[PDB]
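Novice: Sharing a structure, written as structure tokens. Questions coming.
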Amino acid sequence: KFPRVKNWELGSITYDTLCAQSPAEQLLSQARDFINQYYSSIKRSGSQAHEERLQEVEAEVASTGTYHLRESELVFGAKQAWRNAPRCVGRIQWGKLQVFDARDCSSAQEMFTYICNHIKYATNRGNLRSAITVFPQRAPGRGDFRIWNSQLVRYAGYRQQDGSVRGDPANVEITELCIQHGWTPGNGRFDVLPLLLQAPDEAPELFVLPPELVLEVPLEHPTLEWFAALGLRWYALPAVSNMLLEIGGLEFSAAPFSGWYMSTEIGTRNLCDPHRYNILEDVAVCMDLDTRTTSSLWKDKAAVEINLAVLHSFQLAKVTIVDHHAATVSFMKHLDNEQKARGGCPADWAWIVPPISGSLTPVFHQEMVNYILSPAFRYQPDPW
Amino acid sequence: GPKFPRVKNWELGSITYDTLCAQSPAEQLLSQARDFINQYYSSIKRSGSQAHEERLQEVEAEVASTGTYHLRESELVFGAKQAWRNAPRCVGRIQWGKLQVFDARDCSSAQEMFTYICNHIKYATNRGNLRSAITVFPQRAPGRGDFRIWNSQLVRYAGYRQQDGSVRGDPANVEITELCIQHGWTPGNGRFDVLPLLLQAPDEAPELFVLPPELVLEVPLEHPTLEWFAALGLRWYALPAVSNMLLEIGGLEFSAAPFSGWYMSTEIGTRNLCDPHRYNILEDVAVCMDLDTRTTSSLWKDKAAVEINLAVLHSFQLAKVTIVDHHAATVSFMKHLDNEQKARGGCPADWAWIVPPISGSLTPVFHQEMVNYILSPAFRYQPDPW
Ligand code: HEM
Ligand code: HEM
Ligand SMILES: CC(=O)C1=Nc2c(nc(N)[nH]c2=O)NC1(C)C
Ligand SMILES: CC(=O)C1=Nc2c(nc(N)[nH]c2=O)NC1(C)C
Ligand SMILES: NC(=[NH2+])NCCC[C@H](N)C(=O)O
Ligand SMILES: NC(=[NH2+])NCCC[C@H](N)C(=O)O
């Protein structure tokens, strides 16, 4: 059962041998395995340090049913989780990640402070830097530390009693939850949501982000003057905050991570999805395109200009962003580095190929094997 | 549902369960035959009928005395349409019930293959008002050689390896171009030389047939607003007619059974014209559009690809040759998924192949999960005859 992996452009073949790695004694084997990975990473396998670390872990599990990671191990595990993430096109960057140890956090108030520091650090005035903040691990006793928001920065979606949405339709539910916990809403298309942060077994608490922390890019087109008139904008920092970070069998239910955007995320998905902002028709009408027939390719033309406007606007504002051609070229290089380093690379083809111009990027022609290695970022249920 | 795969649409939030995938030596043949006979009797709603039981008995007796069996005409038609309906990579299946089946199971020479193929091309092309069709040559037989069409499609452009390592024409067709020459063809030297057919009758060297050029409808490509685009001298043929696939029905194997529909525009505009290892015109067109080809972030690739696709659509429309854009096609495919959910409880579909190679998430199929599996009757890949 060993997968053959073909590139259809170049006719070349690799083999993925990494996928062969795809109660209390159960946590123990995950832990050992992770400790093994860590001491191999620093070239210290078999050392006294390695053997004694394995014993602390074993001793702690045998008597408490759990254990704790050292800071340097946490840092390693976080990088490895990103590296292992099948859906991430940005993994050429995996070794470059600021890890904020937030395991000494004991209240929603403190989560907020750590989160603000993350945003400040990550944003860096537009010169974006990848970062993760790791809050305290799950404990069999009690509730989880959770950030209820799906990203640290996201726009409200206000439902109308005629079923339409003002703002982002993806965030209707979190918006409602914010109002219910006492937030007085705005009424714009691009209102930044407050944070709902929950400490163990408490009601979540509401925290408004200080506006100067949230860097935003107004969208304009390099040649179409009317584009600025649409009043569109997007935030600088993509910071996923609902995913669970699993390292050595330990689970970090709150561990938000950020990098920078690939342009199609905003340009195509966020702005053109019919269940998101759905601006395709507006732009095409502005461009004076024939909307009445699919065969004018009015959708394709509008979409390209919208993506161009996103790149232009971010570059104008000096905010780090990567276009889908550049991002996929570098993913190809990453795939190649990982073949030499680990003998394969978990990748989810349907997520890696961009949502416009698929076959124009080299990843479209590249077969990919999807599998789950640990450390991992995993989905977890919403806390309500 | 239970342990039927749950299938979600992310655009509308809706859920279906696929219940169809539950049906995914000589004894081998018999049970495939019986399963197919059962399917044929469902489709005419006579399961358990006396004629159903007689057909089953008739088939086991034929396999018993000969090691093989033969299809009634109407079974062949049902089986061909069903192979199309089951084809996971086909985005055009809304059309599956409208298929002209030419029965060519009496064919006995390569010369007769050519006559049948010419008839097929004439009928399917129909001066631009294209009609789906398949021509079925005789099935594999124990001890005797196969009927094969060596060409991958009935209509394909030559690809000539140059002195300097580059390719003139279509690089996808270098190997078949060279076989035609090995077998006696005098090669041209254009970018768009229609290949001759190499056709093989049982236990015989393939023979070479040149298609009369008036049977091969082509469309010159022009752009509705970019006047210079016509000057590129680009063109494409009207008729996509896959010829190298095996049609399997009830365990019988039709090694030569070419089928044709009409094009969806991205097949030509994006894959055939813009793939780096095909005609690779992306950069040439962007230069003519005066785009900045030195930087990825001008989106020159995306812009040129759109205009090439628009050129294809516009030009086919102008020539009054049937073609479908990737929006119309994917919309019709969603409607097919809905029909099939009701008819059969699911639809085998290969997401990677169904989502078009440009503007993916702009089409509804991007947001639709799909389950991939093999049902029979089927179109199958088969080894090249050489
Ligand atoms: C450095 C810049 C980065 C770029 C350009 C990038 C690019 C992307 C893109 C385009 C996606 C698909 C997301 C979607 O369609 O919603 C993605 C997913 C993901 N990336 Fe990244 N990435 C970056 C950094 C990071 C970092 C720092 C991490 C964490 C350490 C990370 C982990 C992930 C994970 C776990 C997913 C899956 C998210 C999900 O399932 O919703 N990436 N990445
Ligand atoms: C009526 C118009 C039709 C349209 C628009 C259409 C559309 C397509 C498209 C776009 C593909 C992908 C091919 C590629 O990327 O190379 C495809 C594949 C296919 N279609 Fe169709 N189709 C049509 C008719 C037919 C007919 C008549 C049959 C057979 C009776 C058929 C069976 C197939 C099969 C077997 C494949 C897979 C081909 C392969 O593996 O190379 N389709 N279809
Ligand atoms: C909605 C849907 O099907 C998709 N959604 C996404 C996707 N890729 C990325 N990067 N992000 C998606 O949200 N591809 C699939 C096709 C899985
Ligand atoms: C070259 C390659 O990987 C592809 N090739 C094709 C494709 N879809 C279609 N319709 N046709 C392809 O040739 N998608 C995948 C990604 C499988
Ligand atoms: N580039 C990233 N790290 N993205 C994480 C997902 C962000 C999400 N796709 C968005 O458009 O907001
Ligand atoms: N629409 C069809 N029936 N396509 C069959 C495949 C044709 C192949 N994609 C080509 O571009 O020549």
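Order determines the names: the first chain of the structure tokens is A, the second B, and so forth; residues in each chain are numbered 1 upward, and ligands are numbered 1 upward as they are shown.
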Just want the residues within 10 Å of ligand 5, written as a ChimeraX atom specification, counting only C-alpha atoms and all ligand atoms.
Specialist: /A:87-91,130,150-155,234-241,257-271,321-322
Novice: Select, as a PDB file with C-alpha atoms, in the first residue's frame, those residues of chain B with any atom no more than 9 Å from chain A (distances computed using only C-alpha atoms).
Specialist:
ATOM      1  CA  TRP B  10     -21.334  24.388   1.185  1.00  0.00           C
ATOM      2  CA  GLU B  11     -22.948  27.199  -0.792  1.00  0.00           C
ATOM      3  CA  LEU B  12     -26.571  26.314   0.296  1.00  0.00           C
ATOM      4  CA  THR B 270      -7.771  26.641 -20.972  1.00  0.00           C
ATOM      5  CA  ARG B 271      -6.342  23.145 -21.304  1.00  0.00           C
ATOM      6  CA  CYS B 274      -2.881  27.344 -22.295  1.00  0.00           C
ATOM      7  CA  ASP B 275      -1.390  24.226 -20.679  1.00  0.00           C
ATOM      8  CA  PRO B 276       2.402  24.654 -20.685  1.00  0.00           C
ATOM      9  CA  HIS B 277       2.799  21.176 -22.209  1.00  0.00           C
ATOM     10  CA  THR B 296       3.071  37.201 -11.270  1.00  0.00           C
ATOM     11  CA  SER B 297       1.124  39.975  -9.478  1.00  0.00           C
ATOM     12  CA  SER B 298      -0.170  41.693 -12.641  1.00  0.00           C
ATOM     13  CA  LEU B 299      -2.351  38.549 -13.067  1.00  0.00           C
ATOM     14  CA  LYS B 301      -1.957  34.711 -16.810  1.00  0.00           C
ATOM     15  CA  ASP B 302      -5.523  35.078 -15.535  1.00  0.00           C
ATOM     16  CA  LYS B 303      -6.314  37.982 -17.851  1.00  0.00           C
ATOM     17  CA  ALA B 305      -6.722  33.017 -20.131  1.00  0.00           C
ATOM     18  CA  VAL B 306     -10.102  34.753 -19.840  1.00  0.00           C
ATOM     19  CA  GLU B 307      -9.748  36.380 -23.237  1.00  0.00           C
ATOM     20  CA  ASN B 309     -11.753  31.372 -23.389  1.00  0.00           C
ATOM     21  CA  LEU B 310     -13.972  34.235 -24.578  1.00  0.00           C
ATOM     22  CA  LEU B 313     -16.930  30.813 -27.160  1.00  0.00           C
ATOM     23  CA  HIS B 314     -17.398  33.782 -29.422  1.00  0.00           C
ATOM     24  CA  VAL B 324     -21.016  25.097 -23.866  1.00  0.00           C
ATOM     25  CA  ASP B 325     -19.336  27.573 -21.439  1.00  0.00           C
ATOM     26  CA  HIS B 326     -18.143  26.318 -18.036  1.00  0.00           C
ATOM     27  CA  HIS B 327     -20.920  28.213 -16.185  1.00  0.00           C
ATOM     28  CA  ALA B 328     -23.751  26.750 -18.271  1.00  0.00           C
ATOM     29  CA  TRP B 351     -14.578  16.431  -8.209  1.00  0.00           C
ATOM     30  CA  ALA B 352     -11.044  17.175  -9.573  1.00  0.00           C
ATOM     31  CA  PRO B 356     -13.371  23.613 -14.509  1.00  0.00           C
ATOM     32  CA  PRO B 357      -9.676  24.559 -14.741  1.00  0.00           C
ATOM     33  CA  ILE B 358     -10.458  28.308 -14.575  1.00  0.00           C
ATOM     34  CA  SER B 359     -12.756  30.252 -12.247  1.00  0.00           C
ATOM     35  CA  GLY B 360     -13.378  27.197 -10.002  1.00  0.00           C
ATOM     36  CA  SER B 361     -15.228  28.746  -7.071  1.00  0.00           C
ATOM     37  CA  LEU B 362     -17.258  30.914  -9.435  1.00  0.00           C
ATOM     38  CA  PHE B 366     -16.832  23.907  -6.583  1.00  0.00           C
TER      39      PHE B 366
END
Novice: What's the 8 Å shell around residue 104 in chain B, counting only C-alpha atoms, without same-chain residues fewer than 6 positions away, as a ChimeraX atom specification?
Specialist: /B:116,135-138
Novice: List all protein, DNA and RNA residues that have an atom no more than 9 Å from any atom of ligand 2, counting only C-alpha atoms and all ligand atoms, and report them as a CSV table (one decimal) with N, CA, C and O atoms, in the first residue's frame.
Specialist:
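The new file pocket_26.csv reads:
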chain,number,residue,atom,x,y,z
B,80,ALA,N,-24.8,1.4,-23.4
B,80,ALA,CA,-24.0,2.5,-23.8
B,80,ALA,C,-24.4,3.8,-23.1
B,80,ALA,O,-23.5,4.5,-22.6
B,81,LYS,N,-25.7,4.1,-23.1
B,81,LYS,CA,-26.2,5.2,-22.3
B,81,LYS,C,-25.9,5.2,-20.9
B,81,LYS,O,-25.5,6.1,-20.2
B,82,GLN,N,-26.0,3.9,-20.3
B,82,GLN,CA,-25.7,3.7,-18.9
B,82,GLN,C,-24.2,3.9,-18.6
B,82,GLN,O,-23.9,4.5,-17.5
B,83,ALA,N,-23.3,3.5,-19.5
B,83,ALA,CA,-21.9,3.8,-19.3
B,83,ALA,C,-21.6,5.3,-19.3
B,83,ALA,O,-20.8,5.7,-18.5
B,84,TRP,N,-22.3,6.1,-20.1
B,84,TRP,CA,-22.2,7.5,-20.1
B,84,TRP,C,-22.7,8.1,-18.8
B,84,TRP,O,-22.1,8.9,-18.2
B,85,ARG,N,-23.9,7.6,-18.4
B,85,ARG,CA,-24.5,8.1,-17.2
B,85,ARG,C,-23.6,7.8,-16.0
B,85,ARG,O,-23.5,8.6,-15.0
B,86,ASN,N,-22.9,6.7,-16.0
B,86,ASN,CA,-22.0,6.3,-14.9
B,86,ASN,C,-20.6,7.0,-14.9
B,86,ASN,O,-19.8,6.7,-14.0
B,87,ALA,N,-20.3,7.7,-15.9
B,87,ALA,CA,-18.9,8.2,-16.1
B,87,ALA,C,-18.6,9.3,-15.1
B,87,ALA,O,-19.0,10.4,-15.3
B,88,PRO,N,-17.8,9.0,-14.1
B,88,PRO,CA,-17.5,10.0,-13.0
B,88,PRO,C,-16.8,11.3,-13.5
B,88,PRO,O,-17.0,12.3,-12.8
B,89,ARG,N,-16.1,11.3,-14.6
B,89,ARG,CA,-15.4,12.5,-15.0
B,89,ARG,C,-16.1,13.4,-16.0
B,89,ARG,O,-15.5,14.4,-16.4
B,90,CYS,N,-17.3,13.0,-16.4
B,90,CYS,CA,-18.1,13.7,-17.4
B,90,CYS,C,-19.0,14.8,-16.8
B,90,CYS,O,-19.9,14.5,-16.1
B,91,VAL,N,-18.7,16.0,-17.2
B,91,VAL,CA,-19.6,17.1,-16.7
B,91,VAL,C,-20.8,17.3,-17.5
B,91,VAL,O,-21.8,18.0,-17.1
B,92,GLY,N,-20.9,16.6,-18.7
B,92,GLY,CA,-22.0,16.8,-19.6
B,92,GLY,C,-23.2,15.8,-19.4
B,92,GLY,O,-24.1,15.7,-20.3
B,93,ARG,N,-23.3,15.1,-18.3
B,93,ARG,CA,-24.2,14.0,-18.2
B,93,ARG,C,-25.7,14.3,-18.2
B,93,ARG,O,-26.5,13.5,-18.2
B,94,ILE,N,-26.0,15.6,-18.1
B,94,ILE,CA,-27.4,16.0,-18.2
B,94,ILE,C,-28.0,15.4,-19.5
B,94,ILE,O,-29.2,15.2,-19.6
B,95,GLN,N,-27.1,15.2,-20.5
B,95,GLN,CA,-27.5,14.8,-21.8
B,95,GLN,C,-27.6,13.3,-22.0
B,95,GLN,O,-27.9,12.8,-23.1
B,96,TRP,N,-27.3,12.6,-20.9
B,96,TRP,CA,-27.0,11.1,-21.0
B,96,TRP,C,-28.1,10.3,-21.7
B,96,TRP,O,-27.8,9.3,-22.4
B,98,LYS,N,-29.8,11.3,-24.3
B,98,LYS,CA,-29.9,11.6,-25.7
B,98,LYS,C,-28.6,11.2,-26.3
B,98,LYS,O,-27.6,12.0,-26.3
B,99,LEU,N,-28.6,10.0,-26.8
B,99,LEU,CA,-27.3,9.4,-27.3
B,99,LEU,C,-27.7,8.6,-28.5
B,99,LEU,O,-28.5,7.7,-28.4
B,100,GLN,N,-27.1,8.8,-29.7
B,100,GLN,CA,-27.4,8.0,-30.8
B,100,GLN,C,-26.4,6.8,-30.8
B,100,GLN,O,-25.1,7.0,-30.8
B,101,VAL,N,-26.9,5.6,-30.7
B,101,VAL,CA,-26.0,4.4,-30.7
B,101,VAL,C,-25.9,3.8,-32.1
B,101,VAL,O,-26.9,3.2,-32.5
B,130,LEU,N,-24.3,19.9,-33.3
B,130,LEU,CA,-23.7,18.7,-33.0
B,130,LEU,C,-24.7,17.7,-32.2
B,130,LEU,O,-25.5,18.1,-31.5
B,131,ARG,N,-24.5,16.4,-32.5
B,131,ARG,CA,-25.4,15.4,-31.9
B,131,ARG,C,-24.5,14.3,-31.2
B,131,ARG,O,-23.6,13.8,-31.9
B,132,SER,N,-24.7,14.0,-30.0
B,132,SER,CA,-24.0,13.0,-29.3
B,132,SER,C,-24.2,11.6,-30.0
B,132,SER,O,-25.3,11.3,-30.3
B,133,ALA,N,-23.2,10.9,-30.1
B,133,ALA,CA,-23.2,9.6,-30.7
B,133,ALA,C,-22.1,8.7,-30.3
B,133,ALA,O,-21.1,9.1,-29.8
B,134,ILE,N,-22.3,7.4,-30.4
B,134,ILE,CA,-21.3,6.4,-30.2
B,134,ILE,C,-21.4,5.3,-31.2
B,134,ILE,O,-22.5,5.0,-31.6
B,240,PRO,N,-15.3,16.7,-30.5
B,240,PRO,CA,-14.5,15.9,-29.5
B,240,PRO,C,-15.0,14.5,-29.5
B,240,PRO,O,-16.0,14.2,-29.0
B,241,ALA,N,-14.1,13.5,-30.0
B,241,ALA,CA,-14.6,12.2,-30.2
B,241,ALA,C,-13.5,11.2,-29.7
B,241,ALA,O,-12.6,10.9,-30.4
B,242,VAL,N,-13.7,10.8,-28.4
B,242,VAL,CA,-12.7,10.0,-27.7
B,242,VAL,C,-12.8,8.6,-28.3
B,242,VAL,O,-13.8,8.0,-28.4
B,244,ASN,N,-10.1,6.0,-27.7
B,244,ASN,CA,-9.2,4.9,-27.1
B,244,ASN,C,-9.7,4.3,-25.9
B,244,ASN,O,-9.0,3.5,-25.3
B,245,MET,N,-11.0,4.5,-25.5
B,245,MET,CA,-11.5,3.9,-24.3
B,245,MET,C,-12.3,2.6,-24.5
B,245,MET,O,-12.8,2.4,-25.6
B,247,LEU,N,-15.4,0.3,-23.8
B,247,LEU,CA,-16.8,0.2,-23.3
B,247,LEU,C,-17.1,-1.2,-22.7
B,247,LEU,O,-17.1,-2.2,-23.5
B,258,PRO,N,-15.8,4.4,-30.2
B,258,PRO,CA,-15.6,5.9,-30.1
B,258,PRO,C,-16.9,6.6,-29.8
B,258,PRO,O,-17.9,6.3,-30.4
B,259,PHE,N,-16.9,7.6,-29.0
B,259,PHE,CA,-18.1,8.4,-28.6
B,259,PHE,C,-17.7,9.9,-28.8
B,259,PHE,O,-16.6,10.3,-28.5
B,260,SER,N,-18.8,10.7,-29.1
B,260,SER,CA,-18.5,12.2,-29.2
B,260,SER,C,-19.7,12.9,-28.7
B,260,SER,O,-20.9,12.5,-28.7
B,261,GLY,N,-19.4,14.1,-28.1
B,261,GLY,CA,-20.5,15.0,-27.7
B,261,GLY,C,-20.3,16.4,-28.4
B,261,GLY,O,-20.1,16.4,-29.6
B,262,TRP,N,-20.3,17.4,-27.6
B,262,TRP,CA,-19.7,18.7,-28.0
B,262,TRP,C,-18.8,19.2,-26.9
B,262,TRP,O,-18.8,18.8,-25.8
B,263,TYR,N,-18.0,20.2,-27.2
B,263,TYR,CA,-17.0,20.8,-26.3
B,263,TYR,C,-17.6,21.6,-25.2
B,263,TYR,O,-18.6,22.3,-25.4
B,264,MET,N,-17.0,21.6,-24.1
B,264,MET,CA,-17.2,22.7,-23.1
B,264,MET,C,-16.0,23.6,-23.3
B,264,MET,O,-14.8,23.1,-23.4
B,265,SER,N,-16.2,24.9,-23.3
B,265,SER,CA,-15.2,25.8,-23.8
B,265,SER,C,-13.8,25.8,-23.1
B,265,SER,O,-12.8,26.0,-23.7
B,266,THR,N,-13.8,25.5,-21.8
B,266,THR,CA,-12.5,25.4,-21.1
B,266,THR,C,-11.6,24.3,-21.6
B,266,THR,O,-10.4,24.4,-21.5
B,267,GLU,N,-12.2,23.2,-22.1
B,267,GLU,CA,-11.3,22.1,-22.7
B,267,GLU,C,-10.3,22.6,-23.7
B,267,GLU,O,-9.1,22.2,-23.7
B,271,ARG,N,-7.3,24.3,-21.3
B,271,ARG,CA,-6.3,23.1,-21.3
B,271,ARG,C,-5.5,23.0,-22.6
B,271,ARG,O,-4.3,23.1,-22.5
B,323,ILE,N,-21.4,24.5,-28.6
B,323,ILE,CA,-20.3,24.6,-27.6
B,323,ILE,C,-21.0,25.0,-26.3
B,323,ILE,O,-22.0,25.7,-26.4
B,324,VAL,N,-20.5,24.6,-25.1
B,324,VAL,CA,-21.0,25.1,-23.9
B,324,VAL,C,-20.0,25.8,-22.9
B,324,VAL,O,-18.8,25.3,-22.8
B,325,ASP,N,-20.3,26.9,-22.4
B,325,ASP,CA,-19.3,27.6,-21.4
B,325,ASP,C,-19.3,26.8,-20.1
B,325,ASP,O,-20.3,26.1,-19.8
B,326,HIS,N,-18.3,27.0,-19.3
B,326,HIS,CA,-18.1,26.3,-18.0
B,326,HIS,C,-19.2,26.7,-17.0
B,326,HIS,O,-19.4,25.9,-16.1
B,329,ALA,N,-22.4,24.7,-18.2
B,329,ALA,CA,-22.1,23.3,-18.1
B,329,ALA,C,-22.3,22.9,-16.6
B,329,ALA,O,-22.9,21.9,-16.3
B,353,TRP,N,-12.0,16.4,-11.7
B,353,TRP,CA,-12.3,16.5,-13.1
B,353,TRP,C,-13.5,17.4,-13.5
B,353,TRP,O,-13.6,17.9,-14.6
B,354,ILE,N,-14.5,17.4,-12.6
B,354,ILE,CA,-15.7,18.1,-12.8
B,354,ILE,C,-15.6,19.7,-12.7
B,354,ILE,O,-16.1,20.5,-13.5
B,356,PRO,N,-14.1,23.1,-13.3
B,356,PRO,CA,-13.4,23.6,-14.5
B,356,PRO,C,-12.0,24.1,-14.1
B,356,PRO,O,-11.8,24.6,-13.0
B,357,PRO,N,-11.0,24.1,-15.0
B,357,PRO,CA,-9.7,24.6,-14.7
B,357,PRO,C,-9.5,26.1,-14.7
B,357,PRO,O,-8.3,26.5,-14.4
B,378,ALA,N,-19.4,0.6,-17.9
B,378,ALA,CA,-18.5,1.7,-17.7
B,378,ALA,C,-17.6,2.0,-19.0
B,378,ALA,O,-17.3,1.1,-19.8
B,379,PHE,N,-17.1,3.2,-19.1
B,379,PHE,CA,-16.0,3.5,-20.0
B,379,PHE,C,-14.8,3.3,-19.2
B,379,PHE,O,-14.7,3.9,-18.0
B,380,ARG,N,-13.8,2.5,-19.7
B,380,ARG,CA,-12.6,2.3,-18.9
B,380,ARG,C,-11.4,2.6,-19.7
B,380,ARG,O,-11.4,2.5,-21.0
B,381,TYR,N,-10.3,3.0,-19.1
B,381,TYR,CA,-9.0,3.1,-19.8
B,381,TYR,C,-8.5,1.7,-20.2
B,381,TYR,O,-8.8,0.7,-19.5
Novice: Just list as a PDB file with N, CA, C and O atoms, in the first residue's frame whatever in range 255-324 of chain B DSSP marks as strand (DSSP E or B).
Specialist:
ATOM      1  N   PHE B 259     -16.859   7.650 -28.956  1.00  0.00           N
ATOM      2  CA  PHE B 259     -18.055   8.438 -28.630  1.00  0.00           C
ATOM      3  C   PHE B 259     -17.740   9.919 -28.776  1.00  0.00           C
ATOM      4  O   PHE B 259     -16.596  10.343 -28.549  1.00  0.00           O
ATOM      5  N   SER B 260     -18.751  10.721 -29.098  1.00  0.00           N
ATOM      6  CA  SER B 260     -18.536  12.161 -29.236  1.00  0.00           C
ATOM      7  C   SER B 260     -19.710  12.937 -28.683  1.00  0.00           C
ATOM      8  O   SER B 260     -20.857  12.465 -28.732  1.00  0.00           O
ATOM      9  N   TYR B 263     -17.989  20.239 -27.216  1.00  0.00           N
ATOM     10  CA  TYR B 263     -17.003  20.767 -26.292  1.00  0.00           C
ATOM     11  C   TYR B 263     -17.614  21.624 -25.209  1.00  0.00           C
ATOM     12  O   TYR B 263     -18.639  22.298 -25.406  1.00  0.00           O
ATOM     13  N   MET B 264     -16.981  21.585 -24.058  1.00  0.00           N
ATOM     14  CA  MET B 264     -17.166  22.674 -23.116  1.00  0.00           C
ATOM     15  C   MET B 264     -15.972  23.575 -23.303  1.00  0.00           C
ATOM     16  O   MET B 264     -14.839  23.094 -23.402  1.00  0.00           O
ATOM     17  N   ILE B 323     -21.355  24.512 -28.581  1.00  0.00           N
ATOM     18  CA  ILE B 323     -20.324  24.554 -27.565  1.00  0.00           C
ATOM     19  C   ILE B 323     -21.014  24.982 -26.284  1.00  0.00           C
ATOM     20  O   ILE B 323     -22.009  25.695 -26.350  1.00  0.00           O
ATOM     21  N   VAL B 324     -20.462  24.614 -25.136  1.00  0.00           N
ATOM     22  CA  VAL B 324     -21.016  25.097 -23.866  1.00  0.00           C
ATOM     23  C   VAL B 324     -19.965  25.755 -22.944  1.00  0.00           C
ATOM     24  O   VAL B 324     -18.838  25.258 -22.825  1.00  0.00           O
TER      25      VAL B 324
END
Novice: Taking only C-alpha atoms and all ligand atoms into account, which of B:198, B:7, B:288, B:172 comes nearest ligand 4?
Specialist: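 Ranking B:198, B:7, B:288, B:172 by distance to ligand 4, first place goes to B:172.
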Novice: Please extract the residues of range 67-270 of chain A with a backbone DSSP assignment of helix (DSSP H, G or I) and present them as a PyMOL selection string.
Specialist: chain A and resi 71-84+91-93+108-126+169-180+211-213+225-230+263-270
